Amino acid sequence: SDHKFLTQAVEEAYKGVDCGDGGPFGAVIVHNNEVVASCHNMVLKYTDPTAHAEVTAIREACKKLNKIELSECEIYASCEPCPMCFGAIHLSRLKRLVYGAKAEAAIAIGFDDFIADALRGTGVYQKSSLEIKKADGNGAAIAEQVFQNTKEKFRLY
């Protein structure tokens, strides 16, 4: 299950950067093997710096399920969520997070050095008990390659 939805998030990243909606980031929210939302970064399309892939997916999934908590759902992110997105995941009560590429893969092509302490367990005040899985193997390699692959199709923001 993890490989399928992670690859869906990666394909979302490619599609979003290809049509100019935003950067090469995707996110898929799933409810017991049923996809609730499949989104990508929409910062450029929406003129909204908060419209990262994870935030957009949370908004769509909550609107669909008519509830402000997604405690029965899991989220798959093509790239390690930023501090804003990890905070949104925390507030959404999503029960599990799977992400493909480390934030350094995005930093390597010029993105901001902007990493969530609560995700990496380096905070004094912010903690997380959320189940976090960093993908390994084939899906992880594919997810990491997204940034070297799409460096040319968009411009940093």
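Just so we're on the same page, rigid core means the largest C-alpha set that superposes within 1.5 Å between forms. Don't overthink the numbering: it's just position in the shown sequence, from 1.
Taking the rigid core as the alignment reference, the C-alpha atoms of 123 to 131 lie farther on average from the displayed form in 7 other deposited structures of this protein than those of the other stretch among 84 to 92 and 123 to 131. Averaged over structures and residues, the CA distance from the shown form in 7 other deposited structures of this protein after a core fit is larger for 144 to 152, of the two stretches 144 to 152 and 10 to 18. Mean C-alpha B-factor is higher over 136 to 144 than over the other stretch, the pair under comparison being 136 to 144 and 13 to 21. Averaged over their C-alpha atoms, the temperature factors of 118 to 126 and 86 to 94 are higher for 118 to 126. Ranking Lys67, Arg59, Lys45, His52 by the C-alpha B-factor listed in the PDB entry places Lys67 at the top. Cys39: CA B factor lies in the lowest third for its chain, per the PDB record.
In the PDB entry, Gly110 places in the highest third of its chain by CA B-factor.
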